[PDB]
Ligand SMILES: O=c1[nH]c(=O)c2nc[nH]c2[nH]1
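Here's a solo chain for you in structure tokens, the form solved without this ligand.
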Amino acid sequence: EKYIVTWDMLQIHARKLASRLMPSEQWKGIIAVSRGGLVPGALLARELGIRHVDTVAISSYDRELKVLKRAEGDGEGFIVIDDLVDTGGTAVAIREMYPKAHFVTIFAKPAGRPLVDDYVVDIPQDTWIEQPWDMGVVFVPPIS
């Protein structure tokens, strides 16, 4: 099955997570995991009024990890966000990089659920989540 996520729905979930991150004073910045957490991170930054938004770029070599770009620090007083958590192969690396960081996501599948500190929506392990940035509004033929 394919789970369709629209910009509107994503923004609704992002605001729900943003409320659980109150007060805003308890945070110094947001570390968005490229590229999935870029949009979700931008939404939290706005809702919380956080101007310090850094990123972490990680690539896969095949399974090895290749930290393209790394945000400084140990993650203390920061929020690390990615769009979803499927298994935790990427989250595990993010965890050890920023042990003191508050790792959050929007969607979370059963296998990766225990790796995150907080998430908004539960998605079945066998469901593909189609994010709004991978879609667009185009002509769709009539069924009849």
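Residue numbers run from 1 along the displayed sequence.
Beyond the structure shown, there is the form deposited with this ligand bound, which is absent from this document and is the topic of what follows.
- Residue contact with this ligand in the entry with it bound: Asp86 places a heavy atom within 4.5 Å of it.
- Contact between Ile129 and this ligand in the entry with it bound is found at the 4.5 Å heavy atom cutoff.
- Put simply, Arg95 is far from this ligand in the entry with it bound: not one heavy atom of it is within 4.5 Å.
- Contact annotation: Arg113 falls outside 4.5 Å of this ligand in the entry with it bound, judged by heavy atom distances.
- For the stretch 105 to 120, the set of residues having any non-hydrogen atom within 4.5 angstroms of this ligand in the entry with it bound comprises only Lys109.
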